[PDB]
Structure formats: structure tokens, C-alpha cells
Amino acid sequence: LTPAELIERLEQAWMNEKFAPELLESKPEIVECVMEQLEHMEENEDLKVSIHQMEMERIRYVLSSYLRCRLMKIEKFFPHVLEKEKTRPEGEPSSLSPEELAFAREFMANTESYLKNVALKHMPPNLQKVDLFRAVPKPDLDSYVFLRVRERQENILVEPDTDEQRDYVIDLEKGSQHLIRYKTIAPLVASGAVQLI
């Protein structure tokens, strides 16, 4: 994977994460390799130095934004992000890096402890327990999103409402742009077939 391709995949993940209503798959290969590239370029005529530094800043910003985006999602849906990872089948791609997982567990422990000490333990006997998995909203997979097709895919399911007889299918042509519920095309975001914008 070329350094150029690396930055390209970084920006793709950055955009997908921005618009997807749920936390997407962890991309260790990208974060780590980009971090290295940034450190290797830290090992530093002047015009050439300025230009290199300028590109570094561009890459830095994208990585930082992407990472902040993922932390925001982790914090908003911490109980669901943890439950999904706990039940993930061995072998399936994870949506949490080791560090994000630790961070999420800590956010959970910190919040439960706070709620327990400040109010929960002071409530009637059978009202002291609050299931945060049920109290905290889950990611709304029905959210609408715009996308760009980078790899052709036929038979995308469109479900206007609750009545299945209204369902129909469409084809996603390379280079086309669409507006649709995220839920139906979710697996295409994961594989790279489409790009959220």
C-alpha cells in the first residue's frame, strides 16, 4: 500500500465516519501507518521544508478529526459500543481499537460510579439500578445519508415505510450519487463499494 493510497484511505474513513450514524470499523493499519509517516517526516532547502511541513499539517488535521469523530461516537453510545464488541464473533472485524475499547470501558465505569454515588444509592431500595444500555439511545441506523458510488452494486433495498409491499430495489452505478437511509447500504460503506459524503 503506497503512502499516497494510505492518505486516500484515511480521508475515505474520515468522511464515512463523519456521516455514518454508528461507529464504523477500526482501521489500525491506517492510523498506525499514518502516525509513522508523520513521525518520519518529523525527522527534519527551507522552501522544501516548508512545503513538506504544510503537507504534514494537512494529514495531521485529517487524522485528528477522524479520531475525534470516533471518540464522539464512543462517548455518545458507550453502552452499545461495548455490548456490540463483547458479542462480536471471533474473526469478525472489530469497531474498537484496543485503546478505544479501554477508553470506552473507563467512560462507562466513571459514569455509572458518578450516577450511583450522587443519586442512585440514595433512591428507594428497588429503584437504585439503571440499565444504561436501555437509558442511552442506540445509533439510529435509519438516518439518511448522501453517498458516492465507487464500485457498482445491484439490488439495493429501498423501504419507504413499514409496509413491505412498497419495497423496491435500485442499482448503484459507479460514479453516481444518492440520498438514502443508511441502514440498507451499511455493508457497502464497510467494504468501500460506496463513499458517504
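Note that residue numbering begins at 1 and tracks the sequence as displayed.
In the deposited entry, the stretch joining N44 to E45 is interrupted by 4 to 9 residues of the deposited sequence lacking coordinates.
Note on 59 to 67 vs 25 to 33: mean CA B-factor is higher in 25 to 33. For the pair 143 to 151 and 157 to 165, the mean Cα B-factor is higher in 157 to 165. Out of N126, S113, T87, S94, the entry records its largest CA B-factor for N126. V136: CA B factor lies in the lowest third for its chain, per the PDB record. Annotation for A190: CA B-factor lies in the lowest third of the chain's modelled residues.
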